[PDB]
Every structure is written in structure tokens, then in C-alpha cells.
Amino acid sequence: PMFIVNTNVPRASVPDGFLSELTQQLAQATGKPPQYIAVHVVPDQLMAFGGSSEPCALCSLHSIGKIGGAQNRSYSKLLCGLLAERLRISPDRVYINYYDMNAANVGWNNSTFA
Amino acid sequence: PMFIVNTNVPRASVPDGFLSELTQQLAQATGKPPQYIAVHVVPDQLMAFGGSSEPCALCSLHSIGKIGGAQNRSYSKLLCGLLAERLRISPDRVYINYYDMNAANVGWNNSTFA
Amino acid sequence: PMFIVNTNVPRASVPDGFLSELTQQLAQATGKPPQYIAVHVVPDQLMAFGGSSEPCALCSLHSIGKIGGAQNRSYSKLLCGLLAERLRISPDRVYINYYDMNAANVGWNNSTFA
Ligand SMILES: O=C(O)c1cc(-c2c[nH]nc2F)ccc1Oc1ccc2ccccc2c1
């Protein structure tokens with residue numbers, strides 16, 4: 001799986017160990033070994049949520065399967081919680097886009113997961 | 001709706017008010033309240049369009065519905081116009097990817113929109 | 001097509017000519033004129049792959065058709081090869097998400113490709 005966070009929160013406000021914490025938390029949540037989990041945090045972004053430049057985040061989670069109604073609700077609770085506690089971003093200023101990827105459409109190690 | 005612009009135009013060339021203008025005009029275009037509109041502008045990018053490093057932009061617009069043939073043509077006219085006027089990027093060096101998101105696949109405020 | 005690379009590799013390790021090489025090699029592989037190819041490289045990213053901060057890349061390739069099992073494998077070999085040779089990223093620390101875009105959902109030059 002792949003989790004990306006774009007945020008206007010500055011680089012110095014991203015705790016050391018945030019990437020490792022996201023990796024571990026997502027491995028637990030997706031039921032996948034941490035070796036397949038990729039995380040990407042992009043601070044200092046020029047963005048607005050509802051016309052406002054208060055702290056916000058635009059995120060995505062891509063996974064081959066393990067994507068759906070209840071799972072996405074549980075991921076949103078998890079990830080907003082982490083963004084609230086660690087980056088001090090209110091949950092109502094976070095979007096997370098979920099993508100269920102087909103294995104043939106994910107390249108890795110010179111081939112795909114097909 | 002979420003609008004993201006990635007561009008090789010420098011940060012100094014993005015005028016004051018640009019994020020607010022994008023939010024307002026997307027609100028006008030989509031009819032949707034400005035409170036749920038998210039905008040993100042990423043200048044100074046290393047990119048090429050047709051092998052040339054003249055000003056260009058790679059964009060995306062995600063919406064839960066309000067995506068389709070006529071609507072996307074209308075959004076393209078609007079957004080290319082704004083990019084041409086404000087960032088001096090030619091419309092023929094802009095790509096905009098449109099995504100019709102399922103409400104179950106958009107996380108917000110510890111849940112999703114389903 | 002449009003090809004985007006996000007990587008923790010520093011800007012100085014991206015060789016001169018890299019965008020042009022990507023454009024030419026993608027034009028070659030897809031059998032398309034280089035005028036249709038857009039490329040975007042984002043170095044210096046805060047990212048991990050499997051909890052490790054060794055060199056890695058998170059990429060996407062968007063195309064209007066010409067996406068599928070065999071073609072995606074061929075693209076992965078090509079693009080992993082380039083990232084390995086030029087950026088010294090191991091192929092098993094690269095993800096490439098492939099997207100088959102509908103022509104109606106790609107904006108360009110004030111309209112869409114529909
Ligand atoms: O090579 C592509 O598929 C292609 C892809 C993009 C693109 C930009 N963001 N996401 C994308 F997928 C843009 C132009 C392209 O050239 C065209 C454009 C229209 C076409 C219509 C029919 C058949 C082939 C076509 C090829």
C-alpha cells in the first residue's frame with residue numbers, strides 16, 4: 001500500500017518518527033507486511049481548505065484490495081487521528097482519497113503485481 | 001471538490017489571491033459550497049511538456065459527481081483560462097485529469113462521505 | 001502519456017538530461033510523438049518504502065488507453081531500468097501506478113480529448 005500526505009504544516013512540525021509510525025500503523029490496519037507499505041509526507045504546501053489556509057491535509061491511500069465502505073471509514077478514523085495528534089490538523093480539514101488498484105496496474109521490481 | 005496544480009512556473013509568479021480565486025471560481029463552476037473546496041498549487045516543479053521546459057501545468061480535479069463530458073470541457077475552459085491569465089501558461093501546455101470519486105472512497109472528519 | 005516520479009533522491013543526483021531522456025524513451029515505448037508526453041520529477045521527498053529511507057520512488061503513468069497487463073510490465077521494466085541507471089534506485093523500491101484515462105476525463109487546451 002501507498003499513503004501520501006500533502007499539507008501546509010511546516011517541515012519542522014513533522015515529528016521525527018512520523019514516517020515510521022505511519023508505516024507501522026498502516027501495516028496493522030491493512031493487514032499487510034510493513035515491507036510493502038510506502039509513505040510520503042509533503043509539508044510546506046500552498047493549499048487551502050474551504051478558502052482557509054489554517055492547517056489542512058490532502059491525502060491518498062492506494063492499495064491492491066483492502067478498500068471499501070467500512071475499511072475506508074476505519075482508515076479515515078485512524079489517519080485523521082494520527083494527523084490530529086502528530087501534525088495538529090483538525091479532522092474536518094483532511095481529505096483522504098481511497099483507490100483500489102488492480103494488481104496489473106501496479107508496477108514494481110521491473111514488472112507488475114499481476 | 002479538490003483541485004491540484006503542479007507547475008514549473010516560479011513561486012514569485014503566483015499572484016496574491018490565487019488560491020482564493022481558484023476556490024471561488026470552482027465554487028461558481030461546480031455550484032458546490034466553498035467550504036468543501038480544497039485547492040493546492042505546487043510551483044517550481046521540474047517538468048516538461050512535449051519535451052519542452054516552457055511554462056506548463058499538470059493538474060487534477062477530483063469531485064464526488066459533477067464529472068462528465070460537458071462538465072469537464074467547461075472546467076477545462078475555466079481552469080486553463082485562469083492558468084493563462086494568472087500564471088501565463090498556454091492552454092495547450094496544460095493537462096487536467098478528472099476523477100469522479102465514489103463517496104465511500106473519500107475520507108473526511110474521521111469517516112467518509114458514504 | 002503523463003509520467004510522474006516522486007523520490008527521496010536529492011536534486012543534485014538527478015542527472016542533466018533526465019526529463020528529456022524520460023520523454024524520448026516514453027515516446028519510443030508507447031509509439032507516440034514526444035509532443036504528447038509530459039514528464040514530472042520531484043526529488044528531495046520525505047518518504048519511506050517498507051519503513052526504510054534508502055533510495056525509493058513512487059510514480060504514476062497516465063495514458064488514454066494503451067494500458068494493460070503486458071504493456072504495464074514492459075513499462076515497468078523500462079522505467080525501473082531508468083530509475084536504477086540514472087537515480088540509483090533499486091527496482092524493488094519503486095511503485096508505478098498505471099491509470100487508463102477516458103478521453104472525456106483528460107483536459108487540455110480549454111477542452112478535453114473526447
Ligand atoms: O498518450 C496518451 O494516452 C495521452 C495521455 C494524456 C494524459 C494526461 N494526463 N493523463 C493522461 F492520460 C494526454 C495526452 C495523451 O495523448 C493522447 C491524447 C488523446 C488520445 C485520444 C485517443 C487515443 C489516444 C490519445 C492520446
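Reminder, nothing fancy here: chain letters follow the sequence lines and each chain counts from 1.
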Interface moiety of C:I37 toward chain B, non-hydrogen atoms closer than 4.5 Å: backbone

Could you tell me if C:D44 and C:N8 have a donor-acceptor pair between their side chains, going purely by distance under 3.5 Å? no

For B:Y98 and B:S76, which I'm curious about, is there any donor-acceptor pair between the side chains at under 3.5 Å? yes

Which atoms of B:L46 approach chain C - backbone, side chain, both or neither, heavy atom under 4.5 Å: both

Charged N to carboxylate O under 4.0 angstrom, C:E21 versus C:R86? yes

Applying a strict 4.5 Å limit to non-hydrogen atoms, the region of B:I67 in contact with chain C is side chain

C:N109 side chain reached by B:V94 side chain, heavy atoms, under 4.5 Å: no

Give me the ring orientation class for B:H62 and B:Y99: parallel if the planes are under 30° apart, tilted from 30 to 60°, perpendicular past 60°. parallel

Which bit of C:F18 is near chain B, if near means a heavy-atom gap under 4.5 Å: side chain, backbone, both or neither? neither

Identify which of B:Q71, B:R93, B:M47 forms the greatest number of heavy-atom pairs closer than 4.5 Å to chain C. B:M47

